[PDB]
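*Asks:* Below you'll find the structure I mean.
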Amino acid sequence: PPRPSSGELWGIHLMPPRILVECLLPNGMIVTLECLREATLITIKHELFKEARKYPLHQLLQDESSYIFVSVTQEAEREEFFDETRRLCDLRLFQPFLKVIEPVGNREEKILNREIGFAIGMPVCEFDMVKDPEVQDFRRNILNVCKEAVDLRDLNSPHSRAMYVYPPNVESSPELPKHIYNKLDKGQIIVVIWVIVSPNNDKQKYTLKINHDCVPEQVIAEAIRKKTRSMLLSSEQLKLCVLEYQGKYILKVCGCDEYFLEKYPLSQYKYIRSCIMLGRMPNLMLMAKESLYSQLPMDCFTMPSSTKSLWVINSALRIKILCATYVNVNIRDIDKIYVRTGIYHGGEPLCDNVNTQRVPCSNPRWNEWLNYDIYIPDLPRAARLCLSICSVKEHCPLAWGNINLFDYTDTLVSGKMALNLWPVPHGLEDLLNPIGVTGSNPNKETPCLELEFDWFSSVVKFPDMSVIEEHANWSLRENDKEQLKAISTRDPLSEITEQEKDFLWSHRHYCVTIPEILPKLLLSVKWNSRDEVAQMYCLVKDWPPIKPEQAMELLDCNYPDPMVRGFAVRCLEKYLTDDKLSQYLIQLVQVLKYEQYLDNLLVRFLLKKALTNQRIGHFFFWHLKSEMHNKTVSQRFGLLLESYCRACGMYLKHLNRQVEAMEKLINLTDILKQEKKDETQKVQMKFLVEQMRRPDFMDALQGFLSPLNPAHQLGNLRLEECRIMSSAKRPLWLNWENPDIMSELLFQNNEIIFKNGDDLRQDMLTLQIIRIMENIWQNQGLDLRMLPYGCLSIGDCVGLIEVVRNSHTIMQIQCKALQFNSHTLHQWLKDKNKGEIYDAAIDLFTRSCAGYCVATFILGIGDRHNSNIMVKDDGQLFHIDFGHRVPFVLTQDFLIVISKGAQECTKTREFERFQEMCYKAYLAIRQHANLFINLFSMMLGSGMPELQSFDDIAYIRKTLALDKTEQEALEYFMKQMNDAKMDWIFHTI
Amino acid sequence: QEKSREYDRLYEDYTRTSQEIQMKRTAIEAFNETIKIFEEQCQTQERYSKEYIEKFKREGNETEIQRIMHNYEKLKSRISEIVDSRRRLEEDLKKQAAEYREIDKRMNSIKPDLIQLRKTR
Ligand SMILES: COC(=O)Nc1ccc2c(c1)OCCc1cc(-c3nncn3-c3ccccc3Cl)sc1-2
């Protein structure tokens with residue numbers, strides 16, 4: 001099972017400098033050996049075989065080379081150590097002992113399974129151990145997706161492989177907003193192309209002024225023209241240079257692992273577009289196609305390892321509750337217990353709930369058949385029995401559990417069934433939990449309830465589409481069109497009355513002409529009626545495709561039907577760009593949790609995209625890996641990670657290096673939070689310094705890829721700049737060098753805060769929402785600048801935060817002896833941006849501040865102080881700490897800046913312009929409200945306590961004035977905005 | 001409200017004990033796997049020592065035999081140390097699982113009461 005700690009031994013965070021290791025020799029001998037904890041297995045083996053000469057049977061032993069070490073890990077599994085480069089402290093040993101064995105099977109296979117099992121966070125042998133046919137069928141059948149993905153990576157073999165490793169990180173549309181076009185003069189960009197010229201690996205630059213719509217090949221062509229101009233070559237030979245070498249070269253961003261490998265316009269490239277925006281010179285590096293292609297390895301993928309029909313069944317649903325083996329009830333307080341049941345389609349019941357008879361908790365035996373008012377034929381595919389053992393004190397559930405009435409092979413569930421129940425969540429007031437985990441608790445040490453399903457003549461299977469279509473094909477005014485258009489526009493949280501529900505269903509054929517009403521129409525179907533469902537199935541089959549952002553909603557909790565979900569996936573397969581799939585990957589991962597079965601069209605889609613683009617693959621890995629602690633998803637995510645790791649290629653080795661690094665960090669912070677807890681910062685720092693200096697750490701934490709962004713190589717640690725942050729939870733401020741040749745032209749430092757203790761999912765979601773808001777604004781042609789900084793959750797309340805270079809909190813600048821007036825911030829900017837630079841800085845401030853004023857209002861981000869609002873040197877404002885009736889907020893500090901230093905900051909054309917930015921930005925978000933609503937709704941399944949119900953989402957319905965008119969919404973917002981130092985430490989008066 | 005201050009504190013003990021129990025369960029699992037490996041080592045000792053014990057017996061080399069015995073005794077004593085360490089954990093797990101049951105019994109007494117109040121309030 002997965003490891004409890006990040007410790008060097010079970011129950012020990014850090015093994016001593018020298019330790020005694022029990023060595024079990026192949027001649028049946030036991031030798032105690034004293035080893036350095038940082039000792040490699042190569043050293044320990046040598047040391048041992050030397051010592052072994054002193055003990056009996058030494059003559060039996062063959063060369064050290066003929067053997068391998070084996071031990072039991074903290075994961076309770078027998079590990080074979082093939083890579084004897086690994087240090088004693090880094091083998092996740094349970095007890096300090098090692099066994100000498102002759103290697104058995106085939107190295108290659110065992111090595112890969114070790115590398116997979118480590119990255120997943122649980123051994124592959126544990127999947128082999130699972131006897132469930134659905135699990136084993138998933139394992140075999142998902143390989144079809146792997147083989148298909150690996151085949152496209154090798155089709156156009158050199159370029160296609162480079163394309164997988166370095167996918168173009170390019171914007172959504174090639175079309176540039178006019179406000180951005182106006183920034184680049186004559187519709188042209190001044191670019192700098194660098195070359196590392198041999199001998200002596202000297203740098204040479206070539207400045208080019210060319211159109212932004214230029215393909216990278218045209219950029220190379222113009223560079224090769226600049227170089228050949230002095231050569232005395234004829235027009236025909238000059239043209240032939242371009243003709244033969246135009247594409248013998250590749251472009252890379254300086255100080256980055258970002259390559260311009262595809263035909264997209266230069267401006268479309270995310271690096272270039274930010275440069276155009278920032279008025280910075282884009283520095284690119286020219287390289288030989290072969291220089292890149294020599295780096296690419298992998299693509300060495302190896303393969304591992306009578307029916308009767310439903311609704312021919314003229315019967316009402318019968319389910320026999322038998323016995324429940326134990327319940328932990330205080331017999332003095334609770335006498336009787338009963339099994340409460342319900343047949344559900346998602347979170348909605350298909351019929352009235354049925355209870356068993358009240359029984360004495362001393363004998364939890366019912367042996368009763370329960371009768372549901374639903375015909376067997378009417379059961380939808382996705383119907384589930386939701387049950388719970390309730391107490392009678394006044395009712396309350398004690399344990400709960402849900403089962404799918406049909407299995408993955410479309411077979412209606414028949415026979416006896418033992419269901420290990422789940423404990424009731426904290427705050428679950430309801431007697432049943434239908435939006436819970438459908439399946440029996442993997443913990444067999446829990447109350448288990450035996451069940452019995454009807455056994456009809458033979459095997460009962462859900463009908464074919466041929467059968468459904470044949471049953472469906474058996475079974476307009478002026479105001480009516482306006483009425484449908486009204487329902488269409490309404491947000492997904494706007495309640496549709498049973499009268500509107502009847503109206504949509506009665507007009508279902510017209511609804512095809514207005515396709516974006518499919519989610520409202522699907523909620524109007526009686527899912528408890530095969531007569532209605534069969535007709536709906538047909539409509540979905542031939543339903544026109546809808547925007548991915550619309551189709552994503554069909555994948556949340558409200559839409560459990562496989563046909564609906566299938567349609568949704570097909571829209572994403574046809575319309576979702578890699579850019580946008582990366583933009584909505586967080587939600588797309590959570591929404592897998594709502595799938596009835598392991599092998600489905602969503603998993604198959606997401607997996608292929610991840611094995612097709614390493615940017616997607618990387619975050620698909622980390623998003624799934626971070627949830628490997630949650631046992632309600634452990635198996636599904638584990639099996640998924642196994643299939644990804646098996647087919648991702650060499651990236652698994654980089655992922656293992658990142659996992660190794662994080663494990664050391666989690667362990668060092670656990671030590672600081674636990675044993676060392678009560679030690680002064682001075683003391684704790686001396687320990688940190690001692691620890692980071694150790695070989696194993698220097699090896700682990702130096703020379704790997706940033707999990708926050710793999711295009712950033714983390715070189716050697718700048719130990720002088722590394723520290724334990726003064727704040728509670730003990731975050732680690734880590735600094736690394738940039739190993740890039742052109743590290744000077746982008747960023748020489750790589751700063752990350754590693755934080756153990758706090759849940760970073762809120763921060764992660766808010767930062768994603770901010771990025772989306774900026775993309776809406778920037779697309780609409782509104783230059784509102786946001787800083788959605790890097791933030792990644794790597795496990796249970798462990799994560800990483802990108803340190804924004806050249807930033808300071810409003811508090812830090814106010815303390816720059818220690819006398820601050822509401823003018824301090826403006827005076828700071830005035831000084832950091834003197835001359836013609838001033839105007840630009842104040843503009844960036846107003847554009848960024850406007851964006852944040854609106855975003856924080858809409859979302860309802862409160863507790864905003866001068867110590868959680870930061871400002872870059874260039875003038876850019878941004879907020880931090882997003883762990884959470886919030887009004888509009890605009891400090892006089894900001895007002896003073898916006899108004900370029902003025903006494904009446906409300907009566908200026910600056911503030912007028914600022915207010916205009918805020919209105920325009922707010923109305924832009926209100927127009928895309930369904931997206932925000934849908935994104936948050938796809939997040940209900942995840943463990944996020946701030947998002948447990950739709951009632952939590954209802955806040956955005958309020959701030960965006962969704963029930964209101966657009967002018968009434970504008971009026972509301974305008975009112976909120978117009979409504980709007982001594983004792984700054986505690987705030988008293 | 002009064003009972004909510006303690007039900008929330010009680011759940012805090014329910015959750016920790018659950019975590020701690022799952023750890024003990026995997027430690028026991030690792031102890032079994034360790035014990036199996038050490039037992040497997042003895043089978044390896046008997047297999048190889050058989051032809052050495054045989055030669056030395058047919059040689060009156062009682063020391064070289066007693067030398068193979070002293071190491072087997074060490075290995076055998078170590079298996080007792082591990083088996084007794086597993087049993088110590090087994091009884092600790094039993095004591096904790098008894099606790100997460102009494103935490104549960106306590107919770108299922110407060111939970112129907114708290115539900116009635118939230119409705120009244
Ligand atoms: C250049 O001089 C500085 O002081 N830089 C700096 C400091 C802190 C952050 C930052 C640049 O980058 C912005 C991203 C960010 C985010 C932070 C955060 N998010 N949640 C909690 N914190 C936090 C707050 C205080 C202390 C530590 C942390 Cl991790 S702190 C932080």
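Numbering starts fresh at 1 for the residues of each chain in the structure tokens, the chains themselves are lettered A, B, ... in the order given, and ligands are numbered from 1 as they appear.
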Would you kindly report the residues of chain B within 7 Å of chain A, using only C-alpha atoms, as a ChimeraX atom specification?

*Replies:* /B:23,26-27,29-30,33-34,41-42,44-45,48,67-68,71,75,101,104-105,108-109,111-112,115

*Asks:* Using only C-alpha atoms, which protein or nucleic acid residues come within 9 Å of residue 245 of chain A? Drop anything in the same chain fewer than 6 positions from it, and give the result as a list in words.

*Replies:* residues 220, 221 and 224 of chain A

*Asks:* Using DSSP secondary structure from the backbone, list all strand (DSSP E) positions within segment 778-885 of chain A, as a list in words.

*Replies:*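 DSSP-assigned strand (DSSP E) residues in segment 778-885 of chain A: residues 791, 792, 793, 794, 795, 798, 799, 800, 801, 802, 807, 808, 809, 869, 870, 871, 872, 877, 878 and 879 of chain A.
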
*Asks:* Keeping only C-alpha atoms, take the residues you just selected and write them out as a tab-separated table (two decimals), in the first residue's frame.

*Replies:*
```tsv
chain	number	residue	atom	x	y	z
A	791	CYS	CA	0.92	26.92	-8.03
A	792	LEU	CA	0.83	23.10	-7.90
A	793	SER	CA	-0.58	20.69	-5.27
A	794	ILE	CA	1.74	17.61	-5.25
A	795	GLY	CA	-0.09	15.57	-2.55
A	798	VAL	CA	1.92	19.77	-0.05
A	799	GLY	CA	2.64	22.00	-2.97
A	800	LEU	CA	4.72	24.54	-4.80
A	801	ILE	CA	4.37	28.28	-5.34
A	802	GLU	CA	6.24	30.21	-8.09
A	807	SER	CA	7.81	41.86	-6.30
A	808	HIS	CA	6.97	43.44	-2.97
A	809	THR	CA	3.84	43.46	-0.84
A	869	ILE	CA	-1.36	42.44	-2.43
A	870	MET	CA	2.02	42.74	-4.26
A	871	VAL	CA	3.46	45.18	-6.84
A	872	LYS	CA	6.24	44.42	-9.38
A	877	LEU	CA	-0.20	44.87	-9.26
A	878	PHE	CA	-1.29	41.30	-8.28
A	879	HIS	CA	-2.83	39.46	-5.29
```

*Asks:* One decimal, Å: what's the distance from atom CA of residue 255 of chain A over to atom CA of residue 749 of chain A, could you say?

*Replies:*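 Straight-line distance from atom CA of residue 255 of chain A to atom CA of residue 749 of chain A works out to 10.5 Å.
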
*Asks:* Kindly compile the residues surrounding ligand 1 within 7 Å, counting only C-alpha atoms and all ligand atoms, and format them as a list in words.

*Replies:*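 Checking only C-alpha atoms and all ligand atoms against ligand 1 at 7 Å gives residues 725, 727, 731, 753, 755, 789, 801, 802, 803, 804, 805, 806, 807, 808, 880, 881 and 882 of chain A.
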
*Asks:* Store the residues picked out above in a file with C-alpha atoms, as an mmCIF file, in the first residue's frame.

*Replies:*
```
data_model
loop_
_atom_site.group_PDB
_atom_site.id
_atom_site.type_symbol
_atom_site.label_atom_id
_atom_site.label_comp_id
_atom_site.auth_asym_id
_atom_site.auth_seq_id
_atom_site.Cartn_x
_atom_site.Cartn_y
_atom_site.Cartn_z
ATOM 1 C CA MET A 725 10.314 31.226 5.743
ATOM 2 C CA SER A 727 5.707 32.144 8.721
ATOM 3 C CA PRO A 731 7.599 27.008 3.987
ATOM 4 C CA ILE A 753 8.286 28.188 -2.128
ATOM 5 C CA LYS A 755 4.792 24.500 1.481
ATOM 6 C CA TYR A 789 1.494 32.778 -10.846
ATOM 7 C CA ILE A 801 4.370 28.284 -5.343
ATOM 8 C CA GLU A 802 6.241 30.213 -8.087
ATOM 9 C CA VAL A 803 8.169 33.174 -6.662
ATOM 10 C CA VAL A 804 7.441 36.246 -8.776
ATOM 11 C CA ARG A 805 10.819 38.012 -9.334
ATOM 12 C CA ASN A 806 11.035 41.740 -8.402
ATOM 13 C CA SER A 807 7.815 41.864 -6.303
ATOM 14 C CA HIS A 808 6.966 43.440 -2.969
ATOM 15 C CA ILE A 880 -1.531 36.423 -3.344
ATOM 16 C CA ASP A 881 -2.898 33.904 -0.705
ATOM 17 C CA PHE A 882 -6.137 32.536 -2.112
#
```

*Asks:* Residue 291 of chain A: which residues within 12 Å, counting only C-alpha atoms, same-chain residues fewer than 2 positions away excluded, as a PyMOL selection string?

*Replies:* chain A and resi 158+162+196+248-252+286-289+293-296

*Asks:* With only C-alpha atoms as the counted atoms, please give the residues lying no more than 12 Å from residue 346 of chain A, apart from itself and same-chain residues fewer than 5 positions off, as a ChimeraX atom specification.

*Replies:* /A:380-386,402-404,433-438,523,527-528,555-562,594-596

*Asks:* Take the residues that were just selected and, keeping C-alpha atoms, output them as a CSV table (one decimal), in the first residue's frame.

*Replies:*
```csv
chain,number,residue,atom,x,y,z
A,380,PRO,CA,-31.9,3.8,-17.0
A,381,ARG,CA,-28.4,2.7,-17.9
A,382,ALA,CA,-26.6,4.6,-14.9
A,383,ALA,CA,-29.3,3.6,-12.3
A,384,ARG,CA,-27.9,2.9,-8.9
A,385,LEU,CA,-29.0,1.4,-5.5
A,386,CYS,CA,-28.0,3.9,-2.7
A,402,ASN,CA,-23.9,2.8,-3.3
A,403,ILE,CA,-23.9,0.2,-6.1
A,404,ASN,CA,-24.4,0.5,-9.9
A,433,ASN,CA,-25.3,9.9,0.3
A,434,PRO,CA,-26.1,9.5,-3.5
A,435,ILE,CA,-23.4,12.0,-4.7
A,436,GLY,CA,-20.9,9.7,-2.9
A,437,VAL,CA,-18.5,7.0,-4.0
A,438,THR,CA,-20.3,4.3,-5.8
A,523,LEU,CA,-32.9,17.9,-17.1
A,527,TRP,CA,-35.1,9.3,-16.5
A,528,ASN,CA,-37.4,6.9,-14.7
A,555,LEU,CA,-19.6,15.9,-17.7
A,556,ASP,CA,-20.5,17.2,-14.2
A,557,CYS,CA,-22.7,15.4,-11.5
A,558,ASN,CA,-26.1,16.4,-13.1
A,559,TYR,CA,-25.4,14.3,-16.2
A,560,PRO,CA,-24.7,10.6,-15.3
A,561,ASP,CA,-26.1,9.0,-18.5
A,562,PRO,CA,-23.4,7.4,-20.7
A,594,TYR,CA,-18.2,10.9,-11.7
A,595,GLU,CA,-17.7,8.1,-14.2
A,596,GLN,CA,-19.5,4.8,-13.4
```

*Asks:* For a quick check of understanding, using only C-alpha atoms, which of A:261, A:842, A:817, A:786 has the smallest distance to residue 168 of chain A?

*Replies:*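 Comparing A:261, A:842, A:817, A:786 against residue 168 of chain A, the winner is A:261.
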
*Asks:* Which residues are near residue 950 of chain A? Cut-off 9 Å, only C-alpha atoms, ignore same chain within fewer than 6 positions. Put them as a PyMOL selection string.

*Replies:* chain A and resi 493+936-937+940

*Asks:* Rank A:91, A:42, A:585, A:339 by their smallest atom-to-atom distance to residue 664 of chain A, using only C-alpha atoms, and report the top residue only.

*Replies:*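 Nearest to residue 664 of chain A: A:91.
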
*Asks:* Would you compute the distance between atom CA of residue 746 of chain A and atom CA of residue 706 of chain A? Give it in Å to one decimal.

*Replies:*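 Answer for the atom CA of residue 746 of chain A to atom CA of residue 706 of chain A separation: 15.6 Å.
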
*Asks:* Might you pull out every residue within 12 Å of residue 133 of chain A, with only C-alpha atoms counted and same-chain residues fewer than 3 positions away left off, and present them as a list in words?

*Replies:*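 The neighbour list is residues 127, 128, 129, 130, 136, 137, 138, 139, 140, 141, 407, 408, 409, 597, 598 and 599 of chain A.
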
*Asks:* Skipping near chain neighbours, those fewer than 6 positions away, what residues fall within 9 Å of residue 17 of chain B using only C-alpha atoms, listed as a PyMOL selection string?

*Replies:* chain B and resi 96-97+99-100

*Asks:* Could you turn the residues from that selection into a file that holds C-alpha atoms, as a tab-separated table (two decimals), in the first residue's frame?

*Replies:*
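Below you can see out30.tsv, which holds the result:
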```
chain	number	residue	atom	x	y	z
B	96	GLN	CA	-6.36	1.35	18.81
B	97	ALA	CA	-9.12	-0.43	16.79
B	99	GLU	CA	-10.56	2.96	20.56
B	100	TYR	CA	-11.92	3.71	16.97
```

*Asks:* Determine which residues of segment 235-401 of chain A receive a DSSP assignment of alpha helix (DSSP H), computed from the backbone, and state them as JSON, numbers by chain.

*Replies:* {"A": [235, 236, 237, 238, 239, 240, 241, 242, 243, 244, 245, 270, 271, 272, 273, 274, 275, 276, 277, 278, 289, 290, 291, 292, 293]}

*Asks:* Calculate how many Å separate atom CA of residue 783 of chain A from atom CA of residue 215 of chain A, rounding to one decimal.

*Replies:*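 Computing the Euclidean distance for atom CA of residue 783 of chain A and atom CA of residue 215 of chain A yields 25.4 Å.
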